[PDB]
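Line order of the protein sequences matches chains A, B, C, D, E and F.
Note that PDB author numbering numbers the first sequence so that position 48 is 856, with each residue one more than the last.
Note that PDB author numbering numbers the second sequence so that position 47 is 708, with each residue one more than the last.
Note that PDB author numbering numbers the third sequence so that position 13 is 527, with each residue one more than the last.
Note that PDB author numbering numbers the fourth sequence so that position 31 is 888, with each residue one more than the last.
Note that PDB author numbering numbers the fifth sequence so that position 25 is 34, with each residue one more than the last.
Note that PDB author numbering numbers the sixth sequence so that position 67 is 76, with each residue one more than the last.
Virtual Cβ for every residue (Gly too), placed ideally from N, Cα, C.
Working notes, beginning with the structure itself.
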Amino acid sequence: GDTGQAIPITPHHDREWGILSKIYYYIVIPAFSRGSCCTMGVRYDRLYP
Amino acid sequence: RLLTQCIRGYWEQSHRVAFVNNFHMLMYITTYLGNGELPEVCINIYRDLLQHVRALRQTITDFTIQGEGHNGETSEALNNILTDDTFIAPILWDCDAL
Amino acid sequence: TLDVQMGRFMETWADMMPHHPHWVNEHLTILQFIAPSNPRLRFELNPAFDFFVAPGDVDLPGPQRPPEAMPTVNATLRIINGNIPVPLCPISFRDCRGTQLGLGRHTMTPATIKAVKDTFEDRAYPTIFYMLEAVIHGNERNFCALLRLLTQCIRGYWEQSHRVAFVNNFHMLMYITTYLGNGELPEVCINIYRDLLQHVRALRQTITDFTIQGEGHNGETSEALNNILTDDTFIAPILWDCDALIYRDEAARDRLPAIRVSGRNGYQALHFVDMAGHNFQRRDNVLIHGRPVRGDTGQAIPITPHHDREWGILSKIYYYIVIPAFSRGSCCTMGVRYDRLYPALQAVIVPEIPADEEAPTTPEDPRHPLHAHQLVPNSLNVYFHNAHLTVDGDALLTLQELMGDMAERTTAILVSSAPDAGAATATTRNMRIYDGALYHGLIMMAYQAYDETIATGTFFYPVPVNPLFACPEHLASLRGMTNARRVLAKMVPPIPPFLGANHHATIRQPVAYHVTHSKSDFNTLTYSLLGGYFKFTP
Amino acid sequence: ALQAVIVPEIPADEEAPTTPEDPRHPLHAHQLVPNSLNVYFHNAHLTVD
Amino acid sequence: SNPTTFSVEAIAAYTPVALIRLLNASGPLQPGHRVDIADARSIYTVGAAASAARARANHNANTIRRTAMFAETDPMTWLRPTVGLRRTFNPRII
Amino acid sequence: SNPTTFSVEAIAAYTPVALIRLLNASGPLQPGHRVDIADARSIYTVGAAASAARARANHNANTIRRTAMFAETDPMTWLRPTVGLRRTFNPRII
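Here you go:
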């Protein structure tokens, strides 16, 4: 489709993508990292230049 | 091209798998760069991780009983959380989950 | 055109069922099935019959809209003994019986098991293989016209991912084993194909082993009176040529047959449709048989089957044992959209190689067909480059002389017959078995939803006819699919009523439940499925 | 059927061809005429001099 | 070819269509005009197949002619058997 | 370009900035002068992106024009399907 301005927002992927993302992030990541990984934000004003 | 070169260079120098933290990276690697651009070992690793994720999903849907939904909520969402649409992922890249 | 029918079924089915069906709850254990709270308990009386509720005063097959009538109890014959419900005949017993059957028989080496299991669980399987399998449509003339292209394609797919191609449909591994088996392919691939074929013939020999010959009643051989995979009345889930219909029509001959091919009864079977008279939007019941080679096509020449009667038995064994034992309820049968597939195959950008010059082989020179300079959008070179396969100019030029023989469109065939002469008493002749088939249909191993290089539903649309080939995830390829329909079809296998119903078919829900909820092995699963397919006729 | 052999003549003071890629080979496509022994050998993908 | 004249798409259109490797469908269209259109599709498919088959024209100095493919008559068949070529070689001729 | 005149950093400064591979940010600064400064930065990054896209200029003799990359209209879609390219080839033409 097109970007536009008045077009309402549609989902990119189906409902199964959210389920698989939740399964991955809540099972496979903490089984491998074992509490060592950490979620962080980003500094886009110091990354893009 | 850049991601293929980056993944190949990281693979055949330390035998490790790149771009594995982000969930919207291994789906895109499996769907697009899975036809033979990457070496035969890496795409097997990504396909194996995705197959284990889908096996966990099938295990979730196996131990529930379908056909029992209340107030427009599915039975899997009424039984489990990883199939519940109210619960969201810790990292959001798109607004479709909301 | 099988699109409007599927759309009408999906629109009517969103509110046709107001509750859970009583024949899909096969996950009950024996203690819960036996308990008096089960409403299905009072309808299980005779081990050779299924009892249900049915509309009254209706002559099957009826109209599209089901007429309003009072419900009456009807019965049908449990033809297979694998159709006994899973709480009454468990999965562990079936797997132990399959272990008993496969005591000293042929087994598959783990190399071909791993390779076939990898290519059945592959979600990035290239669609150019599906287009090639649809456009060849199981003709020997087209396959030997495309020998160089198919050899290069199978080699390129093999020594880049170590997987086996063209394994979904049965009229490819015969043609690979017979023709590309003398050394054109590498040593491992032909060994894999030969091992699959050896396992199929071992299953057929096991069928012959457990029956007693010399007892034929009313033109039915003893194996067809014992087994189902050797019964010529029962047909394959997909058809490529009209030989199986001829063998079925000449084989039964007393059990009253009735075949419905898109409207009025009976088929016409006109072969050799070419560019001049294709007529993609044909509403008739004309089926394309293909060109027999040793002879003439003509117009007044009567039709003959291409292959022997053993080919039908081996195809039934393959599609009904080996495919569900590997895919495990993930593959789905669909038709094709030929009016979009055939214009997409007419764009080839094979360049003009001058005389007294060598044909380029590597794709790093500008003269190669898959060089980027001739990689124009919306062609076939983009299709082959997306799959990352290397082909030459002549291998792409062979499709032009493939194009002389073509298929018009897919169609849904519903055949029906009385039960066989072993179990045909005065009251079972009214009971009839209704099973469906897809003429010129395809089967994909696994479905990808997030591959956006090709728009969804461009070439294939899901029309599933089996409980074995139920596809709860392939239905997103159909145009106009909502989440309510997806969660409705997740729990109930969506079969259209113009292709047979579950209680009136031969292959029923419990054998599908056995093939989708067993985790034992791959050899013992095949032998357990073969021990499933034995008749309960006295 | 055994009477037809399509081996070509090799000029004197020249090496005999070994690979089937040169046109002077009997199993080269140029010397592969229908209904001869060469197509019997080529169907089996066997190389002979 | 003339006077027809050339394909603007336009749903008239003409039957040959004897072009090579056409970047004309895409291309502009842009889009198609306001005609009833039914075929269009079939005549374009036949014309494109005929255009490609005529667009071979050459490469027949590289053939290596076609053969009987399988074993069939071949109406002599009383003093030698018939065997077809399995098309697995490289038709190049040099 | 003129008269603005050149980037000495200076926080005024100018939006194009049409250079490439500049050894000017470091470079001297040295350090910046006495200006309140808030942006600066945003104008610098849009000027740098413009100064890179313009500094392509050439390398389009080896393009290989861009494609749709996906399967979308393409305003015909009634006489052939549409398929995009996966950008994994090496575009140089030579």
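Distance between residue 59(E) and residue 746(C), taken at the CA atoms: about 42 Å.
With 16 or more other Cβ atoms from the protein chains shown falling within 10 Å of its own Cβ, residue 953(C) counts as buried. Not a single CB atom of chain C sits nearer than 8 Å to the CB of residue 84(F).
DSSP places residue 866(C) in the coil class of the three-state scheme, outside both helix and strand. Looking at the backbone, the Cα of residue 901(D) and that of residue 841(A) are separated by about 56 Å. Residue 1019(C) is classed as buried because its beta carbon has at least 16 other beta carbons within 10 Å across all chains shown. Distance from the CA of residue 705(B) to the CA of residue 49(F), rounded to the nearest whole angstrom, comes to 48 Å. Membership of residue 846(C) in the beta strand (DSSP E) is indicated by the continuous run 846-850. Within the region 710-731 of chain B, the residues whose Cβ lies closer than 7 Å to some Cβ of chain C are 712, 727, 728, listed in chain order.
Between residue 1000(C) and chain B, the shortest Cβ-Cβ separation is not below 8 Å.
In terms of beta-carbon proximity, residue 686(B) stays away from the interface with chain C, with every pair separated by 8 Å or more. For residue 1037(C), the enclosing alpha helix (DSSP H) covers residues 1037-1046.
In chain order, 886, 887 make up the part of chain D whose C-beta sits under 8 Å from the C-beta of residue 102(E). Annotation for residue 669(B): the continuous alpha helix (DSSP H) segment containing it runs 663-675. Along the length of the region 522-600 of chain C, whole beta strand (DSSP E) runs at least 3 residues long occupy 563-569, 585-591, reported in chain order.
The C-beta distance from residue 1005(C) to residue 727(B) rounds to 4 Å, short enough to meet the 8 Å contact threshold. Exclusion of the five residues before and after residue 744(C) leaves 721, 737, 738, 827 as the residues of its chain whose Cβ lies within less than 7 Å of its Cβ.
Less than 8 Å divides the Cβ of residue 928(C) from the Cβ of residue 950(C).
Three or more pairs of CB atoms, one per stretch, sit closer than 8 Å, so the region 858-869 of chain C contacts the region 54-69 of chain E.
Across the structure, residue 1030(C) and residue 32(E) are spaced so that their CA atoms are roughly 49 Å apart. Taking the beta carbon of residue 902(D) as reference, the chain C residues within 8 Å of it are 696, 697, 698, listed in sequence order. Residue ranges of uninterrupted beta strand (DSSP E) with 3 or more members, entirely inside the region 911-981 of chain C and ordered along the chain, are 925-931, 947-953, 956-958, 974-976. In this structure residue 803(C) is buried. Its beta-carbon is surrounded by 16 or more other beta-carbon atoms within 10 angstroms.
Approximately 14 Å separates the beta-carbon atoms of residue 980(C) and residue 947(C); this is outside 8 Å, ruling out the contact.
In this structure, residue 683(C) and residue 916(C) do not form a Cβ contact; the two beta carbons are roughly 17 Å apart against a cut-off of 8 Å. Along the length of the region 789-860 of chain C, whole alpha helix (DSSP H) runs at least 4 residues long occupy 823-831, 837-841, 852-858, reported in chain order. When secondary structure is reduced to three states using DSSP, residue 774(C) falls in the strand class.
A contact between stretches requires three or more CB pairs, one per stretch, nearer than 8 Å, and the region 602-610 of chain C fails this requirement with the region 937-946 of chain C. Residue 878(D) carries a coil assignment under DSSP once its states are collapsed to helix, strand and coil. Shown here for residue 543(C): same chain residues with a beta carbon closer than 8 Å to its own, the five before and five after excluded, namely 601 in chain order.
Nearest CB-CB separation between residue 689(B) and chain F: not below the 8 Å threshold. Close to chain A, meaning a Cβ-Cβ distance shorter than 8 Å, are the following residues of the region 44-59 of chain F: 50, 53, 54, 57.
At a beta-carbon threshold of 8 Å, the residues of chain F lying near residue 897(C) are 92, ordered along the chain. Chain order gives no chain D residues near residue 14(E), where near means a beta carbon separation below 7 Å; the closest approach is about 44 Å. Identification of residues in the region 953-984 of chain C having a C-beta nearer than 9 Å to some C-beta of chain A yields 963, 964, given in sequence order. Using a C-beta cut-off of 8 Å, the region 794-801 of chain C makes contact with the region 764-781 of chain C, since at least three inter-stretch Cβ pairs fall below that distance.
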